[PDB]
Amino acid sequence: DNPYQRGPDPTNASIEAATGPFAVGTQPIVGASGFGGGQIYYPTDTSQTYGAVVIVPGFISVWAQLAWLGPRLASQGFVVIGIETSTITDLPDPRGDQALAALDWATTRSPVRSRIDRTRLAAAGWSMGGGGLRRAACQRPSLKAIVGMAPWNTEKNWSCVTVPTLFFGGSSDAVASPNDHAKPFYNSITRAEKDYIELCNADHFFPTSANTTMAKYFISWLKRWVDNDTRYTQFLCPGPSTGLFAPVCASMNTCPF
């Protein structure tokens, strides 16, 4: 009845799995304009189309530092566009412009354009790449979701955002501290469903290593908004429990949406 739902009915185990139910293919990004290249990941099952998410790096870093996300998310039934920025010191707004340029490359020019539903797109990023999501969402309010991982931006006013927003913060992150970055961003968004999850003891580099707590909620957010898949509302609402000895130290959201 929802034509965009993919994969079997989920469970806590299915969303925590390193590999989802979709076999994954991959290839480098070759010939693209408006960003630095990178790597695409996608289901090999071409019986149907899938939503796509672009993922942008941010701490003076390259795609390799986020690459575990490519198979982790593509295997749940998404095309993942993991990009290099034009330069490793690009500012956040240019990174947002590059996220949109990578989505346009993927849907109009990439070898896998035919298995993307160009109407169902999302953007994500770490650090300054996460900071770029304000530009991406406010320049392209048709996006279905944005997901910021330790997002960094001097611009604290994200009230322009009308796209469902998930932020992950790290309790031990001194570079993009929740108090100065993610939480102000989250508090400023008044026109979109939103979700903030803070990982205990996690430093600015938490997104750069396989992290099941981050992955499960990233997957759930993509499913809910990119695929309209209300089978995944159960993991988002109420969402994680919080505590100093738990993986999650803080949790805020607009459940029930």
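Numbers follow the displayed sequence, beginning with 1.
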Requested in this report: Could you check which stretch, 150 to 158 or 107 to 115, carries the larger mean CA temperature factor in the entry?
Outcome: 107 to 115
Query raised in the report: Which has the higher mean CA temperature factor in the PDB entry, 135 to 143 or 121 to 129?
Result: 135 to 143
Query raised in the report: Highest Cα B-factor in the deposition, which of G58, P207, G70, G51?
Result: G58
Query raised in the report: Split the chain's modelled residues into thirds by Cα B-factor; is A102 in the lowest, middle or highest one?
Result: middle
**Report entry** Third assignment of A246 from its chain's C-alpha B-factors
**Finding:** highest
Query raised in the report: Thinking about Cα B factors across the chain, which third does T213 belong to?
Result: lowest
Report summary line: Chain thirds by Cα B factor, record data; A192 belongs to the middle
Report summary line: Sorting the chain's modelled residues by C-alpha B-factor and splitting them into thirds places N228 in the middle
